[PDB]
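Take a look at this one chain, the form deposited in one PDB entry, written out in structure tokens.
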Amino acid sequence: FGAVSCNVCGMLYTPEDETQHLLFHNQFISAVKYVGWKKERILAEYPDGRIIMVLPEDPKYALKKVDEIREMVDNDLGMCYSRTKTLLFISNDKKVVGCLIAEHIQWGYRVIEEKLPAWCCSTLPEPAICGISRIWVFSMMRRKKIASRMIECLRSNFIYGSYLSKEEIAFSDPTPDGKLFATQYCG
């Protein structure tokens, strides 16, 4: 062996990999700490937690909380923020186990892109599509159908009174995990 997987941070490190575990560790535990603000925007309750949503109009403490989770997600993986919404899964331990950021696109044209291993589809844009920019769940909580619950809550609530359909959702170019999570839906 010689390499480790941290039991509270999830990273696998070791040189210079441990001097990078410290910085991500500190960024992690400080990011996932959810105190529990008043009048949170719960979309669904669960035995293993619940799903809140934050909007760009919310208090500063909620927004700054989201940018620090976001900034944590990006380093764990390596645009216009006024139109986003962010969903967070919190554990019963008052910790954030899942994050999903989706942009409301007003000017998106359906296109088909040829890709052997660009055609227009309409003269007008689609009325509303939900672009998923970030989908993240903490490694020691993965494979527990909790991103699936963030999509299910995404689609029930990203636009009040309507239930997003496969046509009405896009996403940014995925990772292997994002791909492995997507073929869930394709079919």
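Between two forms, the rigid core is defined as the largest C-alpha subset superposing within 1.5 Å. The numbering used is simple: start at 1 and walk along the sequence shown.
If you look for the form deposited in another entry, you will not find it shown, but the lines that follow are about it.
Residue shifts between the shown form and the other one, rigid core superposed: of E68, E152, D48, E126, the only C-alpha displaced by 2 Å or more belongs to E126.
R110: CA moves 2 Å or more between the shown form and the other one after rigid-core fitting.
Put simply, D58 and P127 spread apart in that other deposited form: their C-alpha atoms are 3 Å or more farther than in the form shown.
In comparison with the shown form, the Cα-Cα distance of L55 and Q106 increases by at least 3 angstroms in that other deposited form.
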